[PDB]
Amino acid sequence: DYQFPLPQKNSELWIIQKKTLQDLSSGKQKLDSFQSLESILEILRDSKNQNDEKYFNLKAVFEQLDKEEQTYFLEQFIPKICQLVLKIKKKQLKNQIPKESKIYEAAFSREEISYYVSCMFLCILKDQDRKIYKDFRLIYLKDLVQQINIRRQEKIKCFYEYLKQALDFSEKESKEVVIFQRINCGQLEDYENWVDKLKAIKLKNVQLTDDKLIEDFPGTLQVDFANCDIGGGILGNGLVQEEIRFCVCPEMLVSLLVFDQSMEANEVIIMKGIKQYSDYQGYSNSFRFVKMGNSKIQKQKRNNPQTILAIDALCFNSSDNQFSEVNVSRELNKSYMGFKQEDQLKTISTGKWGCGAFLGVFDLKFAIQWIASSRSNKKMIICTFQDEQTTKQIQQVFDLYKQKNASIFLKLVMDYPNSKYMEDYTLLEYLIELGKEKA
Ligand SMILES: Nc1ncnc2c1ncn2[C@@H]1O[C@H](COP(=O)(O)OP(=O)(O)OC[C@H]2O[C@H](O)[C@H](O)[C@@H]2O)[C@@H](O)[C@H]1O
């Protein structure tokens with residue numbers, strides 16, 4: 001059972017940090033330049049030596065601010081997040097692996113979350129014995145590759161926006177509860193077990209969207225396409241589906257502090273109470289922070305909490321047989337164990353799960369997710385991410401197989417690779433051909 005150390009755990013270093021934090025917070029010490037801020041960060045990191053690449057990306061963000069916000073940043077924001085850190089009472093955070101069919105729940109007030117993200121912003125979250133850090137130090141550091149520095153800068157913009165919002169929390173918002181759950185879902189079911197269980201299951205409703213994203217569907221169980229280490233590359237270079245979600249919803253960062261151990265095959269993570277603080281455009285290299293406006297939709301994203309399911313798909317290489325009984329049952333288990341959580345959210349918002357960085361074939365991952373949402377007795381919204389061809393194929397498959405037997409469907413899918421259709425047809429195209437023939 002691991003306890004992630006907070007700054008007070010190191011009693012000696014804390015004595016040093018606390019005084020600096022107090023000086024800044026009280027105005028006793030006032031930052032007159034970004035260079036004075038670097039000196040502060042160095043003290044807080046217990047560093048005696050630095051170069052001018054150590055804070056390069058933070059400086060780049062600072063230098064994009066106008067004169068007035070630059071002054072605000074040095075004279076108000078930094079002092080104010082120092083004061084947030086000074087409100088922390090805990091000395092460590094428990095990282096517990098739940099027993100079979102049990103849950104480890106870690107609950108926080110919305111303001112407490114902002115204390116920890118402030119710690120990340122000031123680079124003071126580290127386990128020195130393990131030589132592990134859970135803060136923004138790498139994001140601040142200059143990389144050789146320009147595109148990587150831009151990614152890191154845009155992350156900083158999102159986190160900065162979130163912290164400015166947190167500093168303005170009303171009493172009511174500050175006290176709201178955010179919940180992280182690591183859920184052990186019990187015994188995995190093997191392929192033949194699945195084949196048998198599905199005999200009683202009919203395929204349920206699917207809605208397709210080609211132009212909206214998962215986070216555009218409030219009041220659903222929204223899927224995070226997770227790494228088995230929750231958060232993936234958020235504290236480094238990563239900027240695909242999971243990392244972008246953490247960027248626009250930085251409260252999710254606290255999951256890093258309580259779920260150190262990789263998710264097992266029969267575990268899933270649930271996050272509740274999560275709000276969205278930034279908007280964005282682009283993806284990966286083209287990702288850019290966008291300040292949220294005051295449209296009804298944007299206000300709702302900022303003000304209405306959502307519940308997120310984090311499930312890690314298999315990370316495939318190009319020669320892996322994704323249609324193996326072993327690999328299909330793995331994904332059926334993972335998706336079903338996740339989808340069946342929070343049974344009051346009768347609709348799943350998902351998409352190309354495991355089919356980007358993890359190299360999954362979406363035809364198959366759609367089928368697996370459909371079987372899983374169907375067995376959970378839930379509806380599914382599938383985001384195709386501007387893939388018109390796939391949208392049309394899935395629509396036709398849905399129309400042909402809706403309400404049909406899920407076990408029969410599963411077996412049909414599993415026969416694809418060795419069928420006479422494999423060379424000239426994709427899985428979806430195969431299903432369409434077969435389904436039409438049945439007619
Ligand atoms: N907000 C979104 N909403 C709906 N669909 C989306 C969204 N963002 C991306 N997609 C689509 O989903 C696909 C899969 O996204 P990935 O992030 O590549 O998911 P995955 O293949 O499961 O890779 C998981 C890995 O990447 C992350 O670093 C994560 O931490 C893990 O290590 C993308 O290629 C894209 O088509």
Side-chain angles (χ1 to χ4, degrees), residues 84 93 103-121 134 155 158-170 172-183 212-227 229-232 234-235 238-259 263 268-280 289-290 292 298-312 338-339 341-345 347-351 353 381 383:
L84 291 185
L93 293 175
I103 299 180
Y104 168 47
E105 173 175 303
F108 302 92
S109 71
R110 207 173 285 289
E111 65 174 354
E112 284 169 346
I113 299 295
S114 69
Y115 308 167
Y116 303 140
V117 181
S118 294
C119 284
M120 295 184 170
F121 199 93
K134 295 296 170 188
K155 286 181 173 190
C158 295
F159 299 149
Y160 174 50
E161 168 73 5
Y162 158 74
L163 285 168
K164 290 189 283 180
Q165 295 282 126
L167 289 167
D168 283 336
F169 280 158
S170 71
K172 175 168 177 170
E173 180 159 33
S174 83
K175 258 48 173 195
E176 299 181 338
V177 181
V178 178
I179 303 314
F180 303 94
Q181 291 174 335
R182 184 198 285 246
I183 309 182
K212 320 244 285 200
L213 305 169
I214 280 173
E215 68 275 16
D216 295 331
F217 293 95
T220 57
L221 183 57
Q222 296 165 8
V223 177
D224 163 19
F225 301 161
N227 191 277
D229 291 317
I230 192 65
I234 184 54
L235 300 182
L239 237 198
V240 287
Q241 195 263 7
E242 173 164 50
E243 294 96 349
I244 287 173
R245 188 66 196 258
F246 274 62
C247 282
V248 299
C249 309
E251 296 160 331
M252 299 175 81
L253 286 161
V254 175
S255 70
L256 304 184
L257 273 16
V258 290
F259 304 143
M263 286 190 283
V268 308
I269 282 164
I270 287 282
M271 304 190 204
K272 306 196 276 206
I274 303 294
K275 292 180 180 177
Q276 179 176 347
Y277 292 87
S278 296
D279 211 333
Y280 73 103
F289 164 81
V290 173
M292 297 204 294
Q298 280 152 1
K299 290 187 178 175
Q300 293 178 324
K301 287 180 173 182
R302 168 62 182 82
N303 289 290
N304 302 343
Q306 305 300 140
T307 291
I308 298 177
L309 166 65
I311 48 174
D312 59 302
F339 289 175
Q341 302 309 140
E342 298 287 305
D343 63 18
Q344 83 281 4
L345 293 166
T347 300
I348 306 296
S349 182
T350 186
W353 180 49
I381 295 173
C383 302

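Along the sequence shown, residues are numbered consecutively beginning with 1. All heavy atoms count here, side chains included; hydrogens, waters and symmetry mates do not.
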Sidechain-backbone polar pair: [X] side chain, [Y] backbone, donor-acceptor under 3.5 Å:
X: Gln298; Y: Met292; answer: no
X: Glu112; Y: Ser109; answer: yes
X: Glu242; Y: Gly231; answer: yes

Using 30° and 60° as the class boundaries, would you call the ring planes of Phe169 and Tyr162 parallel, tilted or perpendicular? perpendicular

Determine the interplanar angle of the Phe259 and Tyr104 rings, folded into 0 to 90°, and report it as parallel if under 30°, tilted if 30 to 60°, perpendicular if over 60°. perpendicular

Considering all heavy atoms, the nearest [X]-[Y] contact:
X: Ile214; Y: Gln241; answer: CD1-NE2, 3.8 Å
X: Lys301; Y: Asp216; answer: NZ-OD1, 3.1 Å
X: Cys247; Y: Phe159; answer: CA-CE2, 4.0 Å
X: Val177; Y: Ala107; answer: CG1-CB, 4.4 Å
X: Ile230; Y: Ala310; answer: CD1-CB, 3.6 Å

Salt-bridged, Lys175 to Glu111, with N to O below 4.0 Å?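 Salt bridge present between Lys175 and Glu111.
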
Can a side-chain donor-acceptor contact be found between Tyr116 and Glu251 if the only test is distance below 3.5 angstrom? no

Would you please test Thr347 and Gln222 for side-chain contact (heavy atoms from CB on, under 4.5 Å) and show each step? CA-CA 9 Å; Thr347 300; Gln222 296 165 8; over 6 Å; no

Atom pair [atom1]/[atom2] of [X] and [Y] - distance to nearest 0.5 Å:
X: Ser255; Y: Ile234; atom1: OG; atom2: CD1; result: 9.5 Å
X: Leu84; Y: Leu167; atom1: CG; atom2: CG; result: 5.0 Å
X: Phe339; Y: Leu345; atom1: CZ; atom2: CG; result: 12.5 Å
X: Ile244; Y: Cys158; atom1: CD1; atom2: SG; result: 9.0 Å
X: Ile311; Y: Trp353; atom1: CD1; atom2: CH2; result: 4.5 Å
X: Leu163; Y: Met120; atom1: CG; atom2: CE; result: 10.5 Å

Between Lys272 and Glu342, is a salt bridge (charged side-chain N to carboxylate O under 4.0 Å, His left out) present by the stated rule, with each step listed? CA-CA 10 Å; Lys272 306 196 276 206; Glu342 298 287 305; 3.6 Å; yes

Verdict with reasoning, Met271 to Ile274, per side-chain contact (heavy atoms from CB on, under 4.5 Å): CA-CA 7 Å; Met271 304 190 204; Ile274 303 294; 4.0 Å; yes

Report the residue from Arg302, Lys275, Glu173 that forms a side chain to side chain contact (heavy atoms under 4.5 Å, CB included) with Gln165.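 Testing each of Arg302, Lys275, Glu173 against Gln165, the sole residue satisfying side chain to side chain contact (heavy atoms under 4.5 Å, CB included) is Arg302.
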
Taking side chain as C-beta onward, heavy atoms only, is [X] less than 4.5 Å from [Y]?
X: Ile348; Y: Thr220; answer: no
X: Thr307; Y: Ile270; answer: yes
X: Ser174; Y: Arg110; answer: no
X: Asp279; Y: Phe289; answer: no
X: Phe246; Y: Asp224; answer: yes
X: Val268; Y: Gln341; answer: yes
X: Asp229; Y: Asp312; answer: no
X: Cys383; Y: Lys212; answer: no

Starting from the C-alpha separation in whole Å, work towards a yes-or-no answer on side-chain contact (heavy atoms from CB on, under 4.5 Å) for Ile381 and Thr350. CA-CA 6 Å; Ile381 295 173; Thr350 186; over 6 Å; no

What verdict does the side-chain contact (heavy atoms from CB on, under 4.5 Å) test give for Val223 and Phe225, after you've listed the backbone C-alpha separation in whole Å, the side-chain angles of each residue and the deciding distance to 0.1 Å? CA-CA 6 Å; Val223 177; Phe225 301 161; 3.6 Å; yes

